[PDB]
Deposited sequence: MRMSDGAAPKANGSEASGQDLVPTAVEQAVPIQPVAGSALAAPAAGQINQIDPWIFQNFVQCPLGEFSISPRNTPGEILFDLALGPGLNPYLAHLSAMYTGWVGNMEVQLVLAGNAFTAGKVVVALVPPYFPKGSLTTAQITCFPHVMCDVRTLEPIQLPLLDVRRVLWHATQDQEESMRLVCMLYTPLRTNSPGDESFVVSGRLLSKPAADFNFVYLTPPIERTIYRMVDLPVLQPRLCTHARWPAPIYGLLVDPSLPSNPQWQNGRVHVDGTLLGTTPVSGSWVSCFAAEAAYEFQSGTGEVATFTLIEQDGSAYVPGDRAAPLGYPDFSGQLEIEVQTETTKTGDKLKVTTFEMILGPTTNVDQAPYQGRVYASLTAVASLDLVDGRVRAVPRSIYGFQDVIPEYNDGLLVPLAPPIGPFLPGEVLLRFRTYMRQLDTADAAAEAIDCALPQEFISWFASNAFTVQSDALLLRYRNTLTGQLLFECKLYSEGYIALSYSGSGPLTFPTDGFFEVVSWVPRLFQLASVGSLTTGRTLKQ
């Protein structure tokens, strides 16, 4: 059938790179124009790109076989043998990491369920993502290390874990250390854009430790990713002409191009950011060629 989009408002949708509600919708020409995000990447025909998962609950999380130890001067240390978050084995292949693994840098605070030999508890570990580390992180190989400050051993029992993100320290929107400094297969940078076209950004704010809010953007809501993955539409042209309309009235707010590679462009020539209402909805108009010139906003 012809491609369509759900009439869900952005403000009601799920962010695709950090597990939080979508709070903003904007273009910002001062930001990097071709980000190489690995989550939130899908083709219109349903092909998942990078480490993009189907479920929003996988976003910026991981699962692993955990082996614990105490080391004076470091604290409780965890060696994680990564698995896919459904429990299936992670196989190094044509993606950077297990599905949903964080695609940004900084010091990530993660939470896992632990147990001792000495009831179940939730323990917070520190895990460095990147950009570069002295920990030899290699999620592409299925190997990551984490630690937490402690005066003595926590007497943790080894076992399977799910790690959810609690906060981030020193956030940088650059890809993490996927393979101990070596190259990895990556989803390409978002783009290209026509002259005057800029990326449409779905924005949330992540919990941070270092007072201004810490924004992080993604190309599509997670609901749009599962929508395309579930529908497996036939792609007929380079892009789809979309109109973003108010949900209650139908008033047109802007027109944009959803390229088949899974990113939305607007024609905007301003210098600073331009935020849009988050209570509208996108409707598919038609297929257009790549060179289709949008009305400026």
| query | finding |
| --- | --- |
| Unmodelled ranges, which are counted on the deposited sequence from position 1 and given in order | 1 to 227, 346 to 348, 441 to 443, 531 to 541 |
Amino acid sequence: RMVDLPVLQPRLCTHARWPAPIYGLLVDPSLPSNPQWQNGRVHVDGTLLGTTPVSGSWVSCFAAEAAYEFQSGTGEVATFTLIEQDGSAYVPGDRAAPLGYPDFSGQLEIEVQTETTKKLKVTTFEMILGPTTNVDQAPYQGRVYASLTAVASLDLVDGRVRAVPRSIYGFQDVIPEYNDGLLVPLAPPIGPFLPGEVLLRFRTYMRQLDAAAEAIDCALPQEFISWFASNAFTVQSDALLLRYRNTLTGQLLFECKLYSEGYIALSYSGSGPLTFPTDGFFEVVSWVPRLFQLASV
From here on, numbers count along this sequence of modelled residues.
item: Higher-B stretch (mean Cα B-factor, as the entry records it), 271 to 279 or 18 to 26; value: 271 to 279
item: 141 to 149 or 201 to 209, whichever carries the higher mean Cα B-factor; value: 201 to 209
item: Top residue by Cα temperature factor, when 253, 63, 42, 66 are compared in the entry; value: 253
item: Selection from 231, 38, 34, 55 [criterion: highest C-alpha temperature factor in the record]; value: 231
item: Residue 117 - which third its CA temperature factor falls in, relative to the rest of the chain; value: highest
item: Entry-reported Cα temperature factor of residue 70, expressed as the chain third it lands in; value: lowest
item: Third assignment of residue 182 from its chain's C-alpha B-factors; value: highest
item: CA B-factor placement of residue 188, once the chain's modelled residues are sorted into thirds; value: middle
item: B-factor third for the C-alpha atom of residue 59 within its chain; value: lowest
